[PDB]
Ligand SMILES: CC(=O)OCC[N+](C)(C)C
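Encoded as structure tokens, the following chain is the form deposited without the ligand, with no partner shown.
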């Protein structure tokens, strides 16, 4: 045995796409068998799974976000620069769990606030502070998880002094319909959300740096690299290969156009020359 690597993801479009990319890179550039465990669910299950490893009913690799490792896993303050957050998680995960952070994919999937392009043009909105100035005329429609907890709207509102007339809890895709109908004027979103361009929404800048860097990077067990050192270079072929706009477009293909995430991942790799056309 010892020729199998397990790639994991939770049920989340971007996560499934990038996990499929990792699997396709391994399958195209090595002779390793890849098991794709793309249905993980629960509190930091990916992390728990990578601590077990693929040989112990876990996983060997997944794509993690620097700020999630920095704040939620390691307990460090959110307000830092991208390189510092990355170097911190790399050093600490290596020391504590023998997990290796590989190179960032190239995009920062931070949580954010978004408005219609037309509203941003009408009020010349670019930053969260700009939005806060006029927030007393606007309604925020947001997922329940963002409205609860100091990591979300409580702390953001405290910092920016948002004064939204109403803040509506809207899950599923209710807030997209609501902002389309002008029932709300601001929604929360991941920066790579596949629906932002289709709904003519603009991401505003977090000028006070409330949210931590959220740069995606593959992370892998050291013992798997020990058995298969080639994986390092293979997976680092993805380094800086996915910009924010590229990731948004792939998420749109899945969430907006209903395409198969595995096909989306593999076709992206082929178009970028990261696997061969015949792979």
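Numbering follows the first chain given and starts at 1. For the two forms, the rigid core is made up of the largest set of C-alpha atoms that agree within 1.5 Å on superposition.
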State which stretch shows the higher mean Cα B factor in the entry: 160-168 or 94-102. 160-168
Stretch with higher mean Cα temperature factor, 193-201 vs 108-116, is 193-201
Binned into thirds over the chain's modelled residues, the C-alpha B-factor of residue 89 lands in the lowest
Where the record places residue 212 (Cα B-factor, split into thirds across the chain): middle
Please rank the C-alpha B-factors of the chain's modelled residues and tell me whether residue 222 sits in the lowest, middle or highest third. lowest
Looking at the entry's B-factor column for C-alpha atoms only, identify whether residue 45 ranks in the lowest, middle or highest third of its chain. highest
Looking at the C-alpha B-factor of residue 20, is it in the lowest, middle or highest third of its chain? lowest
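Below, we turn to the form solved in complex with the ligand, even though it does not appear here.
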Does residue 111 make contact with the ligand in the deposited complex, using a 4.5 Å heavy atom cut-off? yes
Within 4.5 Å, heavy atoms only: does residue 65 come near the ligand in the deposited complex? yes
Does any part of residue 262 reach within 4.5 Å of the ligand in the deposited complex? Heavy atoms only, please. no
Just to confirm, residue 190 within 4.5 Å of the ligand in the deposited complex by heavy atoms? yes
Exactly one stretch in 252-260, 21-29, 267-275, 8-16 has heavy atoms within 4.5 Å of the ligand in the deposited complex; which is it? 8-16
Is the ligand in the deposited complex near all of 76, 153 and 209, within 4.5 Å of a heavy atom of each? no
If we check the ligand in the deposited complex, which of the residues in 14-49 reach within 4.5 angstroms of it by a non-hydrogen atom? 43
Entry of 99, 71, 170, 105 that shows, once the rigid core is matched between the shown form and the other one, a C-alpha shift of 2 Å or more: 170
Rigid core superposed: residue 42 CA moves 2 Å or more between the shown form and the other one: yes
Does residue 194 count as moved between the shown form and the other one, where moved means a C-alpha shift of 2 angstroms or more after fitting the rigid core? no
Examine residue 90 after superposing the rigid core and state whether its CA is displaced by 2 Å or more between the shown form and the other one. no
Given that the CA-CA distance for residue 10 and residue 169 shifts by 3 Å or more in the deposited complex, does it become closer or farther? closer
Knowing the shift is 3 Å or more, I'd like to know if the C-alpha atoms of residue 87 and residue 76 are closer or farther apart in the deposited complex than in the shown chain. farther
